[PDB]
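Only one chain is included here, represented as structure tokens and corresponding to the form deposited in one PDB entry.
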């Protein structure tokens, strides 16, 4: 049972993909982002407590989130609890082959960008190209890269550091095709300066990060194997301990699929629990499921999944939304469905999803 299920983006031409969701705690509202085949679009929605429904407003293009002559992709939003400022990180790639690419097929021409808002996402700043400052000399060592997709992370450390999940196709071989590896971008000063963390295992792509109780950053990545890949860091994402396979979280080979993970206050030793969404079919992108980890980020502690939606489902993004009407944690989930013909918003509580916990 759920509180709300609504298609917030629809296109028979598969125009909308790559969902990103952001919850604003003071406003008690959601920002739902998506790529529109390319620019980034957004729908704002307030949680109407009296009816316990999110009232989605009209779709609008995030005009500022783009570079002239470039396609924008991978919306990666974050709310800075210290300043209240919102960050929308995104990727920008030339719409057409550049002269440089004409001579160097694998030349990196991808840009890391951001737009910020100081009015709860109503208006955005001019885009800021973070590429050189965040990646540095390693830039030429990759063919391309991306952040997210989906929400990023803000730690509960003294600095309230920003952690942006990412992955890059490394041109390690001149003949072999570039292989992707996940990593994190880290800032302790609200995005003024950035550090590029070390890569986790090879062949890891779209990943998301969460912080759990010392405090560690857990990175959960898409793989080309039959299970998810996870790794934890004790230094805010700069370095990760050996990557591990999470057999309890299935990945459909050979392509795998993007999934989402968030932490939330334990509803009961550990301070936080993790909630994760991803398709549950052994080899198809179908049957979106929600999984719980009560002793994060231990791979063997993941629960069996509960079905959130049957049928075709792909990428998703989660956000905790405070406390639900029944008294248990409230969650919002944005996911691709029906052969990429729509992006659906699902709102449910922990009690609804995992009744055994109550």
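Numbering follows the first chain given and starts at 1. Take the two forms, find the largest set of C-alpha atoms that superpose within 1.5 Å, and that set is the rigid core.
Below, we refer to the form deposited in another entry, which is not included among the displayed structures.
Here the two forms are overlaid on the core, and between the shown form and the other one the C-alpha of 97 is the only one among 97, 138, 159, 225 to shift by 2 Å or more.
Residue 196 shows a C-alpha shift below 2 Å between the shown form and the other one [criterion: core-superposed Cα displacement of 2 Å].
Core-aligned CA deviation for residue 171 between the shown form and the other one: 2 Å or greater. With the core held fixed between the shown form and the other one, residue 106 has its Cα displaced by at least 2 Å.
Compared with the form shown here, the C-alpha atoms of residue 287 and residue 12 sit at least 3 Å farther apart in the other form. Cα-Cα spacing of residue 165 to residue 97 is reduced in the other form versus the present form (difference of at least 3 Å).
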